[PDB]
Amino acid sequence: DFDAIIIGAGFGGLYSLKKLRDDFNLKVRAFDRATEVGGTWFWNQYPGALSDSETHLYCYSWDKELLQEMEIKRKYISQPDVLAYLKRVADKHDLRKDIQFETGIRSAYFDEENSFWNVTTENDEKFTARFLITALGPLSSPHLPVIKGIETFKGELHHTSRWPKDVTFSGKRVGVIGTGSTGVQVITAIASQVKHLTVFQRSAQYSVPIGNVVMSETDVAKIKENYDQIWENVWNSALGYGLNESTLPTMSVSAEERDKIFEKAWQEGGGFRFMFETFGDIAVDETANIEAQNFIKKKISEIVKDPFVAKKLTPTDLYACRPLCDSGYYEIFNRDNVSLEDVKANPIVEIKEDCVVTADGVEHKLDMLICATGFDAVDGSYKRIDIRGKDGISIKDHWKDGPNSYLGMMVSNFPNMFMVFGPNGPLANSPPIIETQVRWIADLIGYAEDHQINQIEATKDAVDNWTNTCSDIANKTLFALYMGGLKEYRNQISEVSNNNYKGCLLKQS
């Protein structure tokens, strides 16, 4: 029995714990299958895993001491460091004493008469708790790339989502399936170290340079000295990536101008930035979208010295969402021990003991095959848990037609359950969204303790409104889930919390 159960010990889990335990004095336990805190940063330790967000923003805001303390080696932070960082947050606030590691949750069924949650582990522990905090993140189970004959393969088959330790590249032919962000990081990291790399590319994507430089003692002092301002600007921005968000329209300058603005962002680095700090309409207007793409196509053709290769790396679709970030990805394809296989015009059909076979019957002989093939959507982490609310409805069935929430946090027919980095949340840097959501959830359970209430849920009506509020803003953009940003997200939930949780049925003891 607990005031609250937390599922997860990543960013959202760790803070949920700290806040509910130490700031609101609640009786709380946190669960994670992982042996250590960190979430995705414990699980994903492949070559080149790295924040998209800058080092000084990809962290908690609420411990001012730890900010002055924080190591800031590079502009962006490597997986080990993030894990060291969260590990050290656990150390400082002693949170592990209230985390059971190696302990998956199987089921959670809301008890309607005790107004609390029945949570049963995979081990078969039944714990009771008034409140359910799910911090499962946005990246669910990996994609299992159904490839005929994966069983026959007798070399190393590794998946980025479960990267083993003690992996050696030297002297080996290595295949990489996937050229989204994980696979670009993998390929950039390893192309230098292997005998031969084959990239199996299903869909060429746009990548810009990240520009992950070491941070001088002065650079780091400039950050620390003005850290309070840094955050206030994060809270007063759409993306919370510390960017001079632009309102300048793209086609409202010269071609020679536009060029030079893109070359500035490009020299600086970062995908958000190229897309939101150059101009203000790149995600909304098509001409602008096209202009942004053609800038990158141009870059691709300059860097990639072999035109036929440059061709295969060039996206073909009409409009471009967020570009990936890289650390010399396009450069990779110039080298003599890298080859690109367009696996949409020449797919993988079979896989024998020692090779991947594509459509034209070429046998790609590999010692090692790496799946960098991506994760399921937000709801997959939920749908994969036995979660049942009112009238024994399981989240599986309630969301069978796409995920839904109120404010990204609360679910209809699903009481005392509060989601962190949950679906229909804002598009922005992770740590600020998580802070925002945890603080808000904590205050509401605070309100609940003080107004002696014992049951909170969002209406079906509140939810659709919110589902609508996302579509209206969404359809104002090209992205053919909640946009309009963090600043306006934080407004929206303040408009709710200040109006006695409009759309939440607060039920009383």
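Each residue number is its position in the shown sequence, starting from 1.
S.K.: So which stretch wins on mean C-alpha B-factor, 494-502 or 11-19?
M.R.: Mean B over CA atoms: larger for 494-502.
S.K.: Do the CA atoms of 446-454 or those of 47-55 have the higher mean B-factor in the entry?
M.R.: Stretch with the higher mean C-alpha B-factor: 446-454.
S.K.: Sort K224, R88, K298, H143 by C-alpha B-factor from the entry and give me just the highest.
M.R.: Result of the comparison over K224, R88, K298, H143: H143.
S.K.: Have a look at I99, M368, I434, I387 and flag the one whose Cα has the highest B-factor in the entry.
M.R.: Spelled out: the listed residue with the top C-alpha B-factor is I387.
S.K.: Rank-wise, by C-alpha B-factor, drop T35 into the lowest, middle or highest third of its chain.
M.R.: Its C-alpha B-factor belongs to the middle third of this chain's values.
S.K.: Within this chain's modelled residues, let me know which third the CA B factor of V214 belongs to: lowest, middle or highest.
M.R.: Its C-alpha B-factor belongs to the lowest third of this chain's values.
S.K.: Can you work out whether the C-alpha temperature factor of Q205 puts it in the lowest, middle or highest third of the chain?
M.R.: Lowest third, going by the recorded CA B-factors of the chain.
S.K.: Is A462 in the lowest, middle or highest third of its chain when residues are ranked by C-alpha B-factor?
M.R.: Highest third of the chain for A462's C-alpha B-factor.
S.K.: Using only modelled residues of the chain, where does the Cα B factor of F479 rank: lowest third, middle third or highest third?
M.R.: Answer is highest: the recorded C-alpha B-factor places it there.
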